[PDB]
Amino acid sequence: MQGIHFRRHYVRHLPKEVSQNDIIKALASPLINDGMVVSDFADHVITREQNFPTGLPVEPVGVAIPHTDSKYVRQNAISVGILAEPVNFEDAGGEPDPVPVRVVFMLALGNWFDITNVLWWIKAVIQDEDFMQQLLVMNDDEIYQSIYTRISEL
């Protein structure tokens, strides 16, 4: 319905010894609580990540954008994780080397026009090296405010 819901509790720092699935369940958790996705959303993102990985080997901060099928989404939402230390995602391009991910953009979008808008915003944002480093030092409020400003465009 064109809007993207992004709330202050959709931004979190994660503990160190978290696996890939741990991350995915933790980022999907506030989306589930808010009723923005089906209740077993994490399972679908996990299963999708295994066959179609979402790691982007960009420098200096590795990124992933895990997601699943739009038919599991109820309202557009985005969920953001900051990793204490890298966790490998497989490379979205089919390179053998894993991606040491520090920043995770979980996407729960059901509108095609919002999907493409967000993907394009992410490609731009991850090439802003100052901004990507900032994400590793800012707290949750500064991350939310920072992303909110840049996303609000549409």
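When you see a residue number, it is the position in the sequence shown, counting from 1.
The PDB entry assigns residue 62 a C-alpha temperature factor belonging to the lowest third of its chain's modelled residues. When all modelled residues of the chain are sorted by CA temperature factor, residue 114 is found within the lowest third. In the deposited entry, the Cα temperature factor of residue 88 sits in the bottom third of values across the chain's modelled residues.
In the deposited entry, the Cα temperature factor of residue 24 sits in the bottom third of values across the chain's modelled residues.
In the deposited entry, the Cα temperature factor of residue 80 sits in the bottom third of values across the chain's modelled residues.
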